[PDB]
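S.K.: Residue numbers (the authors' numbering), protein chains in the order written: chain F, 1 to 158; chain C, 1 to 158; chain D, 1 to 158; chain A, 1 to 158; chain B, 1 to 158; chain E, 1 to 158; chain I, 1 to 158.
Where a beta carbon is used, it is the ideal one built from N, C-alpha and C, also for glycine.
Dropping a structure here in structure tokens format, bear with me for questions.
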Amino acid sequence: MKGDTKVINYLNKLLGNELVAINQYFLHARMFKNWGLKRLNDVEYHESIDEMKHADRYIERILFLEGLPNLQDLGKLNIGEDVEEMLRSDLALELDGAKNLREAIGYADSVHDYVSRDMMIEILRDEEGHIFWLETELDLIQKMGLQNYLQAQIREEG
Amino acid sequence: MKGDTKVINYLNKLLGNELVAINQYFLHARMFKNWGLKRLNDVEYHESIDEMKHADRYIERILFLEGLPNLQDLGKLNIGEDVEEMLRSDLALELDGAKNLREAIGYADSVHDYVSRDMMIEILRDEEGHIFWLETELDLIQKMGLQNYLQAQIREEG
Amino acid sequence: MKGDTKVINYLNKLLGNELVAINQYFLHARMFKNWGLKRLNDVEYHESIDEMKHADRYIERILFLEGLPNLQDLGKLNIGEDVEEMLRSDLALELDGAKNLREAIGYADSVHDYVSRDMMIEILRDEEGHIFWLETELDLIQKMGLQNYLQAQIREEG
Amino acid sequence: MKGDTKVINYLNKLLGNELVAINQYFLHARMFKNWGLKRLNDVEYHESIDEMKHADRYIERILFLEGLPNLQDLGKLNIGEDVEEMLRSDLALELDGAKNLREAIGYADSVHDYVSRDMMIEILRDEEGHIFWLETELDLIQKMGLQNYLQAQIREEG
Amino acid sequence: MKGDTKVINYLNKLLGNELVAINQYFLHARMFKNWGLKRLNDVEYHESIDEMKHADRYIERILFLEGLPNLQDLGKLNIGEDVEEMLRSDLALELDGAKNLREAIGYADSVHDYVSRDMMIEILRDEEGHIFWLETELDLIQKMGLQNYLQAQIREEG
Amino acid sequence: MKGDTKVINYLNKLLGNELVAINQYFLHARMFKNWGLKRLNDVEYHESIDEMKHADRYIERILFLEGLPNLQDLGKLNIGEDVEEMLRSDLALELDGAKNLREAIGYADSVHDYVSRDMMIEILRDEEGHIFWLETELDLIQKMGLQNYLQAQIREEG
Amino acid sequence: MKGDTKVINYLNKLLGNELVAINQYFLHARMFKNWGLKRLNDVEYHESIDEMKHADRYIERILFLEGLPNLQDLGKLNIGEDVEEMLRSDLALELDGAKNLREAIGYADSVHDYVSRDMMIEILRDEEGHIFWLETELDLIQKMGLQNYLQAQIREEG
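Structural data, given as structure tokens:
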């Protein structure tokens with residue numbers, strides 16, 4: 001079903017955001033894992049998987065709307081070197097991504113692509129949940145100190 | 001069954017205490033939650049629920065005794081800005097409420113409303129249990145230091 | 001995550017509405033219960049519980065957006081003296097609340113806070129379901145007469 | 001298998017009756033439901049479903065006999081404005097349809113289409129069961145009065 | 001609850017679209033069945049059922065909003081004579097309907113009927129899923145040829 | 001444990017191959033899905049997942065050996081436009097990847113990194129299995145013709 | 001089956017390494033246990049058991065190849081006096097052992113004793129897993145501090 005050209009462009013831009021997040025979160029997860037921070041590995045790895053699910057939704061929607069998914073261009077990753085820097089990088093990435101989503105959601109509404117909009121709002125809802133988690137962790141590092149914080153990550157939280 | 005007017009006035013005063021506590025504990029709970037202090041959220045939230053149950057008992061008793069439950073007047077909340085201030089505020093609230101409960105229990109006995117008294121003694125027993133928990137938590141903050149204390153709250157206890 | 005100030009003000013206004021409904025529905029329920037109208041107590045009590053859930057959603061959303069939930073100011077309750085007056089009062093409360101919600105949902109859209117909007121639309125949907133029930137019960141009082149209507153409430157509808 | 005042309009015309013006429021009943025009973029059901037008359041909604045909705053099953057049998061039979069099912073022409077609905085008027089309209093509809101069925105069954109026998117006849121007699125048996133329920137309900141409205149009658153519909157009849 | 005008059009008119013127009021689709025899909029289904037194309041009968045029949053569910057939602061919403069559901073006027077059916085023509089007819093119907101849905105969704109938003117809007121968006125999401133299926137099947141007819149396509153329909157897919 | 005620098009360079013090169021395959025196979029998969037070729041979607045999607053697992057093994061091994069995983073550089077994808085072209089592109093990618101693996105396996109042996117070698121041989125064994133599947137499917141397209149081949153993909157194989 | 005004499009000498013040397021590790025890890029384990037460091041006792045004890053399993057494989061392989069297993073000569077143990085020193089001693093022991101293993105694996109290949117080689121690669125894979133754990137724990141001591149580190153060992157991890 002032929003979709004709006006600019007909606008398809010937005011979907012490819014958002015897909016682009018997801019491809020960056022997938023790689024950044026996956027590497028951060030395994031860096032966490034390599035440092036023995038099992039709890040952070042677990043959360044970060046599942047964020048990575050969650051972004052794959054988002055990318056999948058963008059890809060299928062683009063194909064349905066008869067556009068061409070772009071998995072070729074990969075934006076800049078920002079891999080941190082310590083736990084706080086890594087989480088702060090994820091947070092900045094999520095905030096950038098949420099700005100893009102808001103714009104796309106607004107535009108999709110204006111050209112009456114309510115199904116694309118509905119999908120993006122669900123994804124945005126997922127992203128704000130991740131933003132909440134990040135902000136909380138970043139504050140906890142300051143509140144309990146880095147040594148306690150790292151100690152709180154070495155066992156899985158199940 | 002027409003009750004003693006002053007007993008009903010006491011029950012409305014105690015109900016008023018409960019209405020303040022319900023709101024104060026519920027907001028403190030979600031503030032804890034927003035900070036990632038899942039254990040404190042869990043306890044604080046269930047205290048709020050417990051105060052709803054106490055309010056319910058007062059409301060039903062007042063109606064049975066043919067009085068008019070007053071849910072319209074809401075006393076002063078004292079919302080804290082950090083964990084210790086919030087727990088100290090809850091404790092002061094509990095101690096004030098216990099003073100009121102003691103007065104009512106004495107008065108109900110004097111006019112032979114033993115069923116109202118029996119109800120209030122159970123509630124007082126619940127409140128001293130809460131007072132015990134608060135005093136213990138406040139002492140632990142001092143004994144293990146705030147950083148260790150916050151760390152001990154980020155996972156649910158169960 | 002720093003939210004829009006006017007959205008946060010809307011959320012606090014809506015929270016204020018919920019705090020009124022919680023108390024109004026709770027007292028109405030126990031009045032129904034005190035009269036032996038078990039069916040009405042059951043529905044009314046669970047509406048009270050449902051408004052607590054709505055308040056909870058507003059409170060968590062406000063805290064996330066870094067605003068201050070206001071549980072201190074309690075609006076006017078309108079407690080009825082007979083079944084029809086109580087239900088009509090609940091209905092007026094719901095209709096007033098729905099106007100406020102519609103306005104907030106519109107504005108949330110205009111500043112691209114689609115997650116707050118999504119939350120509020122779910123709540124509005126709950127409220128219109130409650131309005132449907134109220135309108136139905138009020139009509140049934142007139143159609144079967146008050147004596148039959150009351151008789152129909154004295155046993156639980158499981 | 002090439003059927004009798006006039007038999008096919010009868011089946012299309014009967015299908016036409018079913019299409020009317022489907023819509024009339026479906027709307028009547030949801031009007032009942034909207035008024036809180038759950039028992040009537042339940043029965044009326046299932047009659048609508050049963051008329052769909054009848055329509056289905058006609059459609060399949062017509063196609064087998066190599067005729068063209070007519071779903072395009074929709075006869076007059078008679079939507080009532082109150083419960084008694086709605087049930088009396090359903091009853092008149094059933095009686096008109098039973099007349100049509102009797103004529104078709106007689107003709108089908110006459111041209112030796114015994115399988116179409118057998119199908120139609122099963123449907124006629126279903127309809128007389130519905131006519132029985134309607135006559136009963138209409139009599140009960142008079143015998144117990146409308147207020148009692150409506151009270152008896154507000155709960156599901158297990 | 002008195003709704004917006006034009007929203008109600010939209011809902012009746014959409015209900016009208018559904019009434020056409022119910023009949024068109026039901027007849028197409030049984031034509032498929034009569035040809036031995038069991039897989040197409042199964043999908044097409046369940047589309048008809050799905051459109052009945054959509055109609056039900058419109059009817060109940062209209063009644064809640066105190067309007068009058070119109071089940072009397074039936075728009076033009078376009079019954080195909082071979083498989084490709086039938087599927088293309090369904091597809092044109094779905095596309096026409098999606099246009100109406102988009103228009104209604106935009107208008108409901110403008111008068112703050114967010115619950116009617118939310119219902120319609122769910123329905124639009126369903127229809128685009130049906131549009132996807134239709135486009136796929138039509139392409140498969142071209143890609144594998146009609147003889148292979150028909151062979152692929154004669155057993156149930158499950 | 002500080003690894004051999006050139007081994008780490010090989011692992012990053014092989015990771016790079018995996019990153020291309022992950023994206024190429026995922027897009028091909030959903031293209032198959034969009035075409036209704038359910039069997040091909042299922043296989044292609046699971047190949048994509050298998051390459052993610054391989055990438056995961058490289059990333060963890062690089063980190064253990066104290067190198068820096070490179071997820072930033074993404075090589076050329078070769079997305080096909082029809083089924084045969086897509087499978088041939090996958091096959092060329094796999095053959096290129098196997099050449100790189102053979103080189104790396106030889107080199108790792110020469111510097112006594114037997115654990116890296118052992119890991120790569122397992123991965124090579126997986127890739128040759130995929131190569132077998134691709135070559136088989138490509139031959140089958142020619143042997144049964146494209147129309148029969150496409151028909152054989154529209155149902156899941158399980 | 002008469003084996004290569006030099007391979008057998010390698011197997012006896014590696015067996016000697018295992019005999020040192022078995023005793024060193026067992027004593028470190030019970031020293032940990034005596035200090036109340038239950039998590040470390042658990043891991044260290046199971047490493048000792050794993051080295052017994054490795055020794056067992058060497059002994060059986062040596063006897064099969066018709067050599068004489070040497071369990072008489074025991075190399076130098078390096079028992080640490082505090083947790084960090086003990087772990088660093090284990091790590092140095094593992095690294096020395098891996099050097100010997102790589103050499104033996106290389107030589108087994110040159111004389112085509114591929115089964116001895118295959119056994120040794122599995123053991124090497126085990127040892128690098130142990131090296132990973134050791135490096136991680138040593139880094140965690142510095143990152144969270146010894147006091148937090150010790151606190152993190154007093155309960156079993158399972």
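Beta-carbon of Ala98 of chain B versus every beta-carbon of chain E: anything under 8 Å?
M.R.: As a working mapping, residue 98 of chain B is identified with position 98 in the fifth sequence. It does not; no Cβ of chain E falls within 8 Å.
S.K.: For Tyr114 of chain D, go through chain F and note every residue whose CB falls closer than 9 Å to its CB, in chain order.
M.R.: For this step, residue 114 of chain D is matched to residue 114 along the third sequence. Chain F residues near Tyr114 of chain D: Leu101, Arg102, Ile105, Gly106, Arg117, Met120, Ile121, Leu124 and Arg125.
S.K.: Tell me which residue opens and which closes the alpha helix (DSSP H) that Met52 of chain I is part of.
M.R.: In the seventh sequence, counting from the first residue as 1, residue 52 of chain I sits at position 52. It spans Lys38 to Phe64 - the alpha helix (DSSP H) in which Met52 of chain I sits, taken as one unbroken run.
S.K.: What three-state label does DSSP hand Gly75 of chain E in the structure shown?
M.R.: Stepping through the sixth sequence from its first residue, residue 75 of chain E is reached at position 75. Note: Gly75 of chain E maps to coil in three-state DSSP.
S.K.: Are the stretch 10 to 24 of chain A and the stretch 32 to 51 of chain A in contact at 8 Å, needing three or more beta carbon pairs?
M.R.: yes
S.K.: Which bits of chain D does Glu135 of chain F rub up against, with CB to CB less than 9 Å?
M.R.: Residue numbering aside, residue 135 of chain F sits at position 135 when the first sequence is read from its first letter. Correct list: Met1 and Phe64.
S.K.: Kindly indicate which residue of D:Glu81, D:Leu68 and D:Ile131 has the alpha-carbon position closest to the one of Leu95 of chain D.
M.R.: On the third sequence, residue 95 of chain D is found 95 positions in, with the first residue counted as 1. Checking every option, the nearest Cα to that of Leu95 of chain D belongs to D:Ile131.
S.K.: Which residue wins for smallest C-alpha separation from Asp4 of chain D, given the options D:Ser116, D:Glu156 and D:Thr136?
M.R.: Indexing the third sequence from 1 puts residue 4 of chain D at position 4. The shortest Cα separation from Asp4 of chain D among D:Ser116, D:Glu156 and D:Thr136 belongs to D:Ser116.
S.K.: For chain F, check one thing: does any of its Cβ atoms lie closer than 8 Å to the Cβ of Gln153 of chain E?
M.R.: In the sixth sequence, residue 153 of chain E corresponds to position 153, counting from 1. Not one beta carbon of chain F lies nearer than 8 Å to the beta carbon of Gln153 of chain E.
S.K.: Contact criterion: CB-CB distance below 8 Å. Does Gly36 of chain B meet it with respect to chain E?
M.R.: Against the fifth sequence, residue 36 of chain B aligns to sequence position 36. Taking 8 Å as the CB threshold, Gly36 of chain B stays off the interface with chain E.
S.K.: Have a look at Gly145 of chain B and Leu138 of chain B and give me their C-alpha separation to the nearest angstrom.
M.R.: Along the fifth sequence, read from residue 1 onward, the residue named residue 145 of chain B stands at position 145. Along the fifth sequence, read from residue 1 onward, the residue named residue 138 of chain B stands at position 138. Approximately 10 Å between the Cα atoms of the pair.
S.K.: So which residues on chain H does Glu60 of chain E lean against when the C-beta distance must stay under 8 Å?
M.R.: The chain labelled as chain H is not found among the protein chains of the depicted structure, namely F, C, D, A, B, E and I.
S.K.: Going along the chain, which residues of the stretch 137 to 150 of chain F sit with their C-beta nearer than 7 Å to a C-beta in chain I?
M.R.: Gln147, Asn148 and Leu150
S.K.: What do you reckon, are the CB atoms on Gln24 of chain F and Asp90 of chain F nearer than 8 Å?
M.R.: Here the question's residue 24 of chain F lines up with position 24 in the first sequence. Here the question's residue 90 of chain F lines up with position 90 in the first sequence. Yes, the Cβ-Cβ distance between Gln24 of chain F and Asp90 of chain F is below 8 Å.
S.K.: How about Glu128 of chain D: is its C-beta nearer than 8 Å to some C-beta of chain B?
M.R.: As a working note, residue 128 of chain D is residue 128 in the third sequence. Yes, its Cβ sits closer than 8 Å to a Cβ of chain B.
S.K.: Verify whether the separation of the beta carbon atoms of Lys6 of chain I and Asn100 of chain I is less than 8 Å.
M.R.: Here residue 6 of chain I refers to the residue found at position 6 of the seventh sequence. Here residue 100 of chain I refers to the residue found at position 100 of the seventh sequence. Not in contact: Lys6 of chain I and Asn100 of chain I (Cβ atoms no closer than 8 Å).
S.K.: With distances taken between CB atoms, is the gap from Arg39 of chain I to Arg125 of chain I smaller than 8 Å?
M.R.: Sequence index remark: in the seventh sequence, residue 39 of chain I carries index 39 (1-based). Sequence index remark: in the seventh sequence, residue 125 of chain I carries index 125 (1-based). No, the Cβ-Cβ distance between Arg39 of chain I and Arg125 of chain I is not below 8 Å.
S.K.: Would you grab the beta carbon distance between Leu65 of chain B and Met1 of chain B for me? Rounded to a whole angstrom, and I think it's under 8 Å.
M.R.: As a first step, residue 65 of chain B is located in the fifth sequence; it is residue number 65 there, counting from the start. As a first step, residue 1 of chain B is located in the fifth sequence; it is residue number 1 there, counting from the start. Confirmed, about 6 Å.
S.K.: Any idea what DSSP makes of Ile8 of chain A, helix, strand or coil?
M.R.: The residue labelled residue 8 of chain A in the question sits at position 8 within the fourth sequence. Three-state result, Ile8 of chain A: helix.
S.K.: How would you call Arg102 of chain C, buried or exposed, if buried means at least 16 neighbouring beta carbons within 10 angstroms?
M.R.: Here residue 102 of chain C is taken as the residue at index 102 of the second sequence, counted from 1. Classification of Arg102 of chain C: exposed, given that the 10 Å Cβ count is below 16.
S.K.: Pick helix, strand or coil for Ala152 of chain C, following the three-state DSSP scheme.
M.R.: Walking along the second sequence from the start, residue 152 of chain C turns up at place 152. Coil.
S.K.: Report the option in D:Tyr58, D:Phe26, D:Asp82 and D:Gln142 whose CA atom is closest to the CA atom of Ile121 of chain D.
M.R.: Indexing the third sequence from 1 puts residue 121 of chain D at position 121. The shortest C-alpha separation from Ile121 of chain D is found at D:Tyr58.
S.K.: Leaving out five residues on either side along the sequence, give the residues of the same chain with a beta carbon under 7 Å from the beta carbon of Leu27 of chain I.
M.R.: Within the seventh sequence, the letter at position 27 stands for residue 27 of chain I. So the qualifying residues of the chain are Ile79.
S.K.: Our contact map puts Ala98 of chain C next to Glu135 of chain C with C-beta atoms below 8 Å; I'd like the distance itself, whole angstroms only.
M.R.: Position 98 of the second sequence, counting from 1, holds the residue named residue 98 of chain C. Position 135 of the second sequence, counting from 1, holds the residue named residue 135 of chain C. Incorrect: roughly 13 Å between the Cβ atoms, too far for contact.
S.K.: So, with DSSP's three-state summary, where would you put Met144 of chain C?
M.R.: To locate residue 144 of chain C, count along the second sequence from 1; it is residue 144. Helix at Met144 of chain C.
S.K.: Could you name the residues of chain A that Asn23 of chain B contacts, counting a contact when the two beta carbons are closer than 7 Å?
M.R.: Position 23 of the fifth sequence holds residue 23 of chain B. Correct list: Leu71.
S.K.: Does the CB of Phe132 of chain I have a neighbour CB from chain E at under 8 Å?
M.R.: By one-based count along the seventh sequence, residue 132 of chain I stands at place 132. For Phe132 of chain I, a Cβ of chain E is located within less than 8 Å of the residue's own Cβ.
S.K.: What do you get for residue 169 of chain A, buried or exposed, if any count of 16 or more other CB atoms within 10 angstroms of its CB means buried?
M.R.: Within the shown structure, residues of chain A are numbered from 1 to 158, placing residue 169 of chain A beyond reach of any answer.
S.K.: Is the CB-CB distance between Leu63 of chain D and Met31 of chain C below 8 Å?
M.R.: As a working mapping, residue 63 of chain D is identified with position 63 in the third sequence. As a working mapping, residue 31 of chain C is identified with position 31 in the second sequence. Less than 8 Å divides the Cβ of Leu63 of chain D from the Cβ of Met31 of chain C.
S.K.: Taking 8 Å as the threshold (beta carbon to beta carbon), is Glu157 of chain F in contact with chain C?
M.R.: Taking the first sequence and counting its residues from 1, one reaches residue 157 of chain F at position 157. True, the Cβ-Cβ gap to chain C drops below 8 Å.
S.K.: Going by alpha carbons, who is nearest to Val111 of chain D out of F:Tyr149, F:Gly106, F:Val111 and F:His112?
M.R.: Mapped onto the third sequence, residue 111 of chain D falls at position 111. If we check each option's Cα against that of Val111 of chain D, F:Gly106 comes out closest.
S.K.: Roughly how many angstroms separate the alpha carbons of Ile8 of chain A and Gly36 of chain B, rounded to a whole number?
M.R.: Counted from its first residue, the fourth sequence places residue 8 of chain A at position 8. Counted from its first residue, the fifth sequence places residue 36 of chain B at position 36. If you take the alpha carbons of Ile8 of chain A and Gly36 of chain B, they lie about 21 Å apart.
S.K.: Measuring CA to CA, which of A:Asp56, A:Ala92 and A:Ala29 is closest to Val43 of chain A?
M.R.: Indexing the fourth sequence from 1 puts residue 43 of chain A at position 43. The candidate whose alpha carbon is nearest that of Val43 of chain A is A:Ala29.
S.K.: Just to confirm my understanding: we take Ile123 of chain F, look at its own chain, exclude 5 residues before and 5 after, and list those with CB closer than 6 Å. What are they?
M.R.: The residue labelled residue 123 of chain F in the question sits at position 123 within the first sequence. Result list for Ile123 of chain F: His54, in chain order.
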